[PDB]
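Below is one structure; the comments refer to it alone.
Each chain gets a letter, A, B and so on, in the order its sequence line appears, and its residues count up from 1. Computation of the quantities below employed the complete heavy-atom set of this structure, encompassing side-chain atoms and omitting hydrogens, waters and symmetry-equivalent molecules.
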Amino acid sequence: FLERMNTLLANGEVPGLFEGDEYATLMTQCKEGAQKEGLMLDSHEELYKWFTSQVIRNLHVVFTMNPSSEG
Amino acid sequence: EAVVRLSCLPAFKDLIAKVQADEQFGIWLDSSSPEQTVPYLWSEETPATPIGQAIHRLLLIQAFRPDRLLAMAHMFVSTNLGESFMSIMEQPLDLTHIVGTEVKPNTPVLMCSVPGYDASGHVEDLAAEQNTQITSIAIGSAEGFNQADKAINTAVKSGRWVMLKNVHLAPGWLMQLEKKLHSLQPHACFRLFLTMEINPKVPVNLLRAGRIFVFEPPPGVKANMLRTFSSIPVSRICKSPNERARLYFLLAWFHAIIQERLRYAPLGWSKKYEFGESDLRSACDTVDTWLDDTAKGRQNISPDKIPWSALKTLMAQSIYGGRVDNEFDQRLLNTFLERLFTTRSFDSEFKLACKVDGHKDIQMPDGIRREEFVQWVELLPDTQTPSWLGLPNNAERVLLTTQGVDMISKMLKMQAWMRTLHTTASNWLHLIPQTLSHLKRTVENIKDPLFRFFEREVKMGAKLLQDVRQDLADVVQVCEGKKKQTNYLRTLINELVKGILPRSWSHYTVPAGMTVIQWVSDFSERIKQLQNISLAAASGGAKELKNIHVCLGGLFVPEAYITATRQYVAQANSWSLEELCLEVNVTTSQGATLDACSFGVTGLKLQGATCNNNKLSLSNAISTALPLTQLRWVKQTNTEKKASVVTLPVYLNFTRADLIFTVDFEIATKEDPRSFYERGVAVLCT
Amino acid sequence: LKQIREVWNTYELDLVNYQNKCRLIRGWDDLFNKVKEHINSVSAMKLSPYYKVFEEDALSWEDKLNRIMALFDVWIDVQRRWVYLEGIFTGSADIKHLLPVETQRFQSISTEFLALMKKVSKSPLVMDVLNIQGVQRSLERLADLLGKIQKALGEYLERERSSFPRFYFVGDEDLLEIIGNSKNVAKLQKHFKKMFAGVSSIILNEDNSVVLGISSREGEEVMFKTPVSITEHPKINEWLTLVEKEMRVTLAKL
Amino acid sequence: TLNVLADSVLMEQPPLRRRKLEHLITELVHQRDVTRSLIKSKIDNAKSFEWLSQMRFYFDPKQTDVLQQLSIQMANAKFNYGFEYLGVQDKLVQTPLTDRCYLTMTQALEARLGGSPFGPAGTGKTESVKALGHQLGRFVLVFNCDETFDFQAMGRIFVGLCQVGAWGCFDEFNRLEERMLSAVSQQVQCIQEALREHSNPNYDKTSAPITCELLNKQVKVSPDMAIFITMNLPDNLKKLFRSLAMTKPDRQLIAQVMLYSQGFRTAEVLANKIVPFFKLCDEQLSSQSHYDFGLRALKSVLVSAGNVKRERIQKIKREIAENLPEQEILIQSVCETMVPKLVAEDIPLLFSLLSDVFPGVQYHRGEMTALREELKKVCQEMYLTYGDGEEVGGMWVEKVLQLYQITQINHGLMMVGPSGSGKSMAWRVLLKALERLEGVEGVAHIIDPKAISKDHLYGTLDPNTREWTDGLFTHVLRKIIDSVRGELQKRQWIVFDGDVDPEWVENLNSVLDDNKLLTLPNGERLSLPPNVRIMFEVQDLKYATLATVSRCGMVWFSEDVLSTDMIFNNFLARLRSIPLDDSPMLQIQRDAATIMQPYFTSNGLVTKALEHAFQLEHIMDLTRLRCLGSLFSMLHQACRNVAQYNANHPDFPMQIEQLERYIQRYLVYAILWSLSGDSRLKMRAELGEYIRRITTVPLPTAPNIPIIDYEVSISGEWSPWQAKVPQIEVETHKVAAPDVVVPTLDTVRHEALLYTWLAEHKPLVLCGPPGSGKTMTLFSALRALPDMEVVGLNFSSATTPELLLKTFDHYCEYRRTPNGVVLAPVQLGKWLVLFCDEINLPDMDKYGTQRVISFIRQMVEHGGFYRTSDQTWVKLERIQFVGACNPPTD
Ligand SMILES: Nc1ncnc2c1ncn2[C@@H]1O[C@H](COP(=O)(O)OP(=O)(O)OP(=O)(O)O)[C@@H](O)[C@H]1O
Ligand SMILES: Nc1ncnc2c1ncn2[C@@H]1O[C@H](COP(=O)(O)OP(=O)(O)O)[C@@H](O)[C@H]1O
Ligand SMILES: Nc1ncnc2c1ncn2[C@@H]1O[C@H](COP(=O)(O)OP(=O)(O)O)[C@@H](O)[C@H]1O
């Protein structure tokens, strides 16, 4: 979990998450979102970059922790 | 030193001054039991309560004659709880009263026995006197588990006393039994007995939920011999030539002697060997087979025809020497077997043990049937000194002192502490010497084996000193709170508070379990001698190293020192290493001149013997100091050693677990080597 | 339940080829964990009070999930046993002559199993194959037959290992190789090393029909005083026992 | 008979007859001591124990039963001889300890008990049990209880021991963990209790054979079988097993008997010298995990000494005659086996101990002039330094010769030493020299473990289809064995460069031994052809099992074999010959080398600076090769600055005068930034101050400013960095925005070093406290380069080489074998840099190896890796690595 959040926070994208059918479906929904948000559809890599930037500007992760500094 | 520490106590301010007078103090100190009457040495005017005098005398006994500490503690318990408090333990326990009334049928009676002992006979006699049937069951068979379970199921509804034999073999089935015993039992007469030896793998849950009875083999040769004679069938000892009865008596004597010497493990046989009933059965089988082979018929065969060599060799090399690890315990096993198993053992004046209790002897029973040997054994005196075993009489004092220290340690472990840990760590830092220097290395002295050994020793000592200083200063810093402890520091504190030596501080051989304060003290002494060695090496390169009167006990690897001395002597001449043998000269004056091949060592202690000039003689006072023991390497002539010399092992600790080397000593004109071997004489570095 | 009603509509069996050029099922983890998750979800929803949108949508599919689970957790055992026994019966020779009834029963069983595999391959849909009648009963029959024939193979291995007890030092696969390659004796020489202490080879005749002696790692030969002919003792255990006996006798005479 | 045997072992014998001879010397020596003891003891009666305690043999041909013709009696035991052919085996010297073991074990066998020898490992408990079992002709099995213990097999193994009459020995039975120990103890107890009833007083004659229960069924127990439990014991077996203390064997007696069986006159003196020497080597020599001074090593040294003596006498014959010095032959055998494993500190110690135990005699080494000449030709063209003794390069060539000797003897060689020693160079030069001298081609397969999964190293079976797919090493072994392609005339050296680890050598333990066969999970066996050598090029043996280290010989490459002078010679030889641009470049390189030669000598500027920098403090552990390589890369850039200067100025090229003053100052600049570029500013100032007092290169005039603050420019002048920091005014919308850098002192010099070390395509790691500006300093130089495209990549604890693999698949394409498979970026002409965020973050394994770090090292050093799909070597074309990390103390 922390390994995934490391990439979700530092870079905002998780590379080893969307593979195969999930990747294609994500491309479909994100290109549809680009069309309904007035955004021009681009190549797969540029569309993925736009999706990652959309995640950057539309995702906030909050961590709540024990005040135990040893943890 | 004990007087000084006791004088530190406020109740004994005047203790040197008061012991100056009262010339009876020496007689009291030499008294056999100086706890019945103890001189008044505490400075108290008004207090006269019995408890106060008892505890003051207890502290005095800890100071003077600590071997009587057990007896003094017994009298202290007598004063604080009446002179009948422990007497219930002396009488033989009666299982009927305990089991009938205050043992619930839910609770299983645990028939705990020390290994080498069986306790089924007690409850068998219990059932015989109470005429209650027992469904005794042996544990270990796969079908035995099902049979025991069926007996449990069919006995709870009828209250039949179930018995399991050696149930400690199976821990998982015992867990299952403990879990299932929570279910209620219809019958109240039910009593469940688990006979099991003292094995640490036995479930703790069973121990909590059951009544634990501990049985031990009563100490003594007489009890051991009664036990052995009861174990051996009457038929197996009576048949064949009548000499087999005396052979069995001799075997029982030997087995009892070697088991009662196990109690005096340091001074007896170096380590606690397992000499249970299996070895005695094997020896009995050996005697049976060899008397059958030698004496085919039933005639009274002559003792000269007894296969003495076969029995001695088989019991020294195969069934009793098969568990002996080192050379010297094997040598003493051989000494016992030669002394006992001989054709002279069938005479009438043959002594089982000489020098016993000063000048008396233990005679052979002139018997032909097992009955007369048994009657002789039961006629043995109740009093038994360690001299029965060949050991000196003060082995009892040594054992009693060890037991007293063990009781003190147990009570100490049966007892915020930031400040106490801080002050003890600061005291250690103050007492422990500063860093160790090894700033001498020239090309010409790399050839010197002594320099190489001393350099490696000083380097290892300096590294370990730096590690100990850093860790202990870290502990100090954590004590005030300006530094935060970690996992290594946490376990270090856990070890230091309980006074157990940290595993990271152990890099040289130390006795198996000792107080950290003793470790710090001997570490400080070792560092001090290493600083002296380094100073000598700074003063001179190859002249002072030879003239170092080094303390062999303080070296981390003294065997490496012996090897380096041999190497140095080999290089000094054209001789090779294997062409040298060690010659040892004990002197009196510390300023004795050292020869070219001679090497002086200090701190060696001789156990159970003393030397006038260089000739050993037996002494009742153990730990005789050897001042300036000189080690000489000489060209060996490959000749046989005479019969007037003994080879003593040289151990490093009070415990005899590691050999450094062996020293040959000329004994006096009266003593014989066998007595030295059986008295446990050795040389100790510490 | 929305995703549950559609996950079964699109679900391939993911067929794979075999060394015998036959179709098999490789997917088992996704075929068990997903079904268990779906059945747990439908059980929770039926138990849960919040179900007044799905008054009857999972009871008609809970039995479907149970049928899937039973069919396929029998199918996995069936296919594993079948591939293991196929390897045993095809890799080693003389399996037709030795245990003929077992071999013919396994041939009929393999014919039925391959027919079933062709049927499931023609329609690689799990719904399309659950609708086929008789699949469950045929599968349980097939599994029980496989169990019996595997037990019989184990019993035969035990009875052949009981004779010439040196076979207890080799595994099941090694002993199957030993007892199957009766004609190709040259493959036995790799197993004599573990069955004996020092014997590594057997000195055979020119046509490898008479055992003239034994050999070792170094190459030291022990010619038999009386050679044993495998022709007169065709069974392998018989002439192996005779080789051991003649080795003892030859050592004694020498 | 002993004299005839000893005269017949000096001459030439076949190996089988040699072993028969040696067995005969062993027995006849034992008989000689036994008879001599009987004579000295004045034994007259034949029933006396002193004779009756010896193993005695009674043979009666008249009996018709084969098994009972020979009877063996020890003291009162009467065993028959199991007439089972043992082969040739190996014979133990009957020392008094071995005699006591025989007596005790035979007594245990008559009592229907078991034998339980105990003591330290290497004493001979298992071998003594096996020797006793072979003396009685029984089929003895040894079960290794430390590891590779097949529990499922033991059920039928015990039944085989029962129904055959075979023995069983458990080597280090206590090494078993409690779970399997308890069940093995239960089975052993069942067997022992079944066997104890064979000696029933009332049921001695067993009409019905006694059976036990092992496989949930009754199995007959033959009286001939036995079980032995060697240790280093459970309460089940305490009452059913006799124990013997095998603490210390008689090494002097074993050595003397073995030497006498090797034909050595005065074998007693040689034994009583060599045994104390092996004792000293365990005390005076520093403890290493690979040192073996035990009994097995002593026996190996003794047999090698016998071979050496026979070689000497047969060489003298072709020029009875027994006048050779035996001690010098023994010393050569010791030194030809122990010196290669010795660390540099122990080498003088070994000869000091040799002069102690064997005074006066000296060790003379085989010259091998034939190979030492082809080494001079393989070197001097690979730009390496050659030596012939105390001269420079002597230690390295001696290590190469020792490596050659071990390759001749063993087949699983293991080159071990601190990183930076010439291990890889040694074995490469040896391979080329062997190919030249013997005319046999040498092909090296550098398989890197810990970079791929063990499944991809060997292979696995899919539990559904049961199809077998081979791993990397397995496929290499297939291509060596199955396909010939000059098999016997190609030297296949499968170097396992990396870190040694138990997990991937479990399968190799069957290959390193004399078996030379690999057992696969599918059951197939592949036998290693004799030309194959399994070479382990590793840095240390901290995490190597005793089995793997003891199963193969080795040569230790200490850090002292490769001196700094050798590395400087390599740098200058490559500089003068290899063009930096792949003709004027060579000329300027030779001029630079000539100018900078007096500093790259023994002592001098670079050596003194490196020695002084080693006593400073750096953020990372200081490695000599790291600083030297960074210095060499910077100096290589200093020779490209001249190339660009000449290109920009076709007329008036910089002559030797300008070049000299440029490179003298650039050498100091590169020394300062390479030997102290990983340390604090105070350490940099200290190194500069030390340089100022030991150099003759003109330095900055101002003493109050450190040399680290200046630049050499191109005119050979110290231009301060502060003169090259512009004053920029960023527009308002770009205030503190990402990827906005304001020039300063650090960003103008670190950028210079990044340009220097990226123009070489050399991997680098930026180390510093968090937020100090490592990432910003890099991207201010990467994206400035037009063709240096950057691929963002983040390293965490769970990072594995598969991350790099997916990055390569997404951004790079595999060329269809132009010359082998080559991994190249999708776009042409552009270089990919994989920025390594927190390169030291990945988790330390339990065996001290980060898999991803080793994976990227494989392709930094060897220029590629191995695909896991077809097990073929793929080569990186235009892939570059850059790292960044916080200090390791964090
Ligand atoms: N005479 C020489 N012989 C060998 N290497 C030399 C010599 N002179 C200089 N060198 C340099 O020393 C290094 C030798 O290290 P080598 O590549 O053999 O080590 P490795 O075993 O691959 O790795 P590591 O030392 O990190 O374990 C190379 O950089 C080589 O250029
Ligand atoms: N009496 C002996 N004579 C000759 N070699 C011996 C003798 N005792 C032990 N050895 C050698 O010692 C080596 C290791 O002995 P081993 O049986 O492994 O001891 P352990 O089982 O106690 O580790 C063996 O290779 C063996 O050849
Ligand atoms: N010239 C400069 N020197 C140092 N730091 C700077 C400079 N200009 C900007 N910074 C700031 O320093 C920070 C360093 O960030 P970053 O490169 O992520 O640190 P690191 O690479 O050490 O993790 C940046 O956020 C940047 O805003």
Side-chain angles (χ1 to χ4, degrees), chain B residues 433 435-465 508 525-577 580 582-587 589-604 626-634 650 652 660-661 663 685, chain D residues 280 283-286 345-346 348-349 351-353 355-357 359:
Chain B
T435 70
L436 178 64
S437 60
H438 56 282
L439 309 172
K440 285 87 65 178
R441 193 183 168 96
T442 313
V443 56
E444 83 174 338
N445 61 44
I446 208 174
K447 265 76 69 178
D448 186 21
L450 296 166
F451 182 77
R452 274 176 285 149
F453 161 68
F454 278 148
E455 181 256 350
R456 154 200 300 140
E457 192 89 356
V458 162
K459 165 180 52 58
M460 172 205 158
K463 173 195 53 57
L464 169 81
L465 175 55
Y508 55 97
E525 311 215 0
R526 294 184 198 237
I527 292 319
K528 271 185 183 299
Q529 77 172 359
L530 283 172
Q531 302 174 320
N532 298 318
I533 280 171
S534 199
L535 171 64
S539 171
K543 184 93 51 193
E544 312 303 322
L545 285 198
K546 169 185 150 58
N547 303 358
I548 281 176
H549 283 167
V550 74
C551 165
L552 200 66
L555 275 300
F556 296 123
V557 286
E559 171 156 4
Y561 172 68
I562 295 316
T563 299
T565 299
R566 199 179 192 186
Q567 280 187 236
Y568 167 86
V569 176
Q571 301 187 344
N573 286 285
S574 64
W575 310 337
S576 84
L577 189 137
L580 302 166
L582 182 53
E583 184 179 2
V584 175
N585 189 359
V586 164
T587 57
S589 63
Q590 186 64 22
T593 308
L594 262 183
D595 263 8
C597 64
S598 302
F599 281 69
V601 304
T602 49
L604 286 194
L626 304 189
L628 183 63
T629 298
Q630 297 184 37
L631 302 205
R632 306 198 54 219
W633 291 100
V634 286
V650 178
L652 73 165
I660 306 304
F661 64 99
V663 59
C685 312
Chain D
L280 310 184
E283 290 189 351
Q284 273 54 30
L285 261 59
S286 66
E345 310 85 298
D346 301 351
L349 270 180
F351 294 101
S352 165
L353 300 184
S355 88
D356 270 346
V357 169

**OP:** Might you work through the side-chain contact (heavy atoms from CB on, under 4.5 Å) test for B:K447 and D:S355, ending with a clear yes or no?
**Re:** CA-CA 11 Å; B:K447 265 76 69 178; D:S355 88; over 6 Å; no

By salt bridge (charged side-chain N to carboxylate O under 4.0 Å, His left out), B:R526 pairs with (sequence neighbours left out) B:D522

Shortest non-hydrogen pair, B:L628 vs B:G600, comes out as CD1-CA, 4.0 Å

Does B:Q590 CD have over 12 foreign heavy atoms under 6.0 Å away? yes

For D:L280 and B:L577 the tightest heavy-atom approach is CD1-CD1, 3.7 Å

Sorted by chain and number, sequence neighbours left out, side chain to side chain contact (heavy atoms under 4.5 Å, CB included) with B:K528 holds for B:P433, B:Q531

Name the atoms and distances for all side-chain donor-acceptor pairs under 3.5 Å in residues 534-544 of chain B, with sequence neighbours left out.
{"unit_1": "B:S534", "atom_1": "OG", "unit_2": "B:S437", "atom_2": "O", "d": "2.4"}
{"unit_1": "B:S534", "atom_1": "OG", "unit_2": "B:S437", "atom_2": "OG", "d": "3.4"}
{"unit_1": "B:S534", "atom_1": "OG", "unit_2": "B:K440", "atom_2": "NZ", "d": "2.4"}

Value for CD1 (B:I527) from CG (B:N532), rounded to nearest 0.5 Å, stands at 11.0 Å

Residues passing the side chain to side chain contact (heavy atoms under 4.5 Å, CB included) test with B:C685, sequence neighbours excluded, are B:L552, B:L604, B:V650, B:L652, B:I660

Donor-acceptor pairs under 3.5 angstrom involving side-chain atoms of residues 555-565 of chain B: please list them, not counting sequence neighbours.
{"unit_1": "B:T563", "atom_1": "OG1", "unit_2": "B:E559", "atom_2": "O", "d": "3.1"}
{"unit_1": "B:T563", "atom_1": "OG1", "unit_2": "D:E283", "atom_2": "OE1", "d": "3.0"}
{"unit_1": "B:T565", "atom_1": "OG1", "unit_2": "B:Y561", "atom_2": "O", "d": "3.0"}

Item checked: Min side-chain heavy-atom separation B:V569-B:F599 under 4.5 Å -> yes

Closest heavy-atom pair, B:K546 versus B:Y568, reported as atoms and distance to 0.1 Å, is CD-OH, 3.5 Å

Requested in this report: State, yes or no, whether a side-chain contact exists between D:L285 and D:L353 at a heavy-atom distance under 4.5 Å.
Outcome: yes

Looking only at heavy atoms, the pair that brings B:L436 and B:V458 closest together is CD2-O, 3.4 Å

To the nearest 0.5 Å, atom CD1 of B:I533 lies from atom CZ of B:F453 at 7.5 Å

D:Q284 meets the side chain to side chain donor-acceptor pair (under 3.5 Å) criterion, sequence neighbours left out, with B:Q567

Would you say B:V663 and B:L582 make side-chain contact, with heavy atoms under 4.5 Å?
-> no

Sorted by chain and residue number, the side chain to side chain donor-acceptor pair (under 3.5 Å) partners of B:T442 (sequence neighbours excluded) come out as B:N445

Value for CD1 (B:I446) from CG (D:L349), rounded to nearest 0.5 Å, stands at 7.5 Å

By side chain to side chain contact (heavy atoms under 4.5 Å, CB included), B:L594 pairs with (sequence neighbours left out) B:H549, B:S598, B:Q630

Contacts of D:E345 meeting salt bridge (charged side-chain N to carboxylate O under 4.0 Å, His left out) (sequence neighbours excluded), chain-then-number -> none

Closest non-hydrogen atoms of B:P627 and B:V586, given as atom of the first, atom of the second and distance, are CD-CG1, 4.4 Å

Original post:
Going by heavy atoms in the side chains, are B:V634 and B:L580 under 4.5 Å from each other?
Top reply: no

#### Entry: Test item: B:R566 side-chain N/O and B:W633 main-chain N/O as donor-acceptor pair under 3.5 Å
no

By side chain to side chain contact (heavy atoms under 4.5 Å, CB included), B:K459 pairs with (sequence neighbours left out) B:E455, B:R456

In terms of heavy-atom contacts, B:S574 and D:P359 come closest through O-CG, 4.2 Å

Those residues at least two apart in sequence (or on a different chain) that pass salt bridge (charged side-chain N to carboxylate O under 4.0 Å, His left out) with B:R632 are B:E583

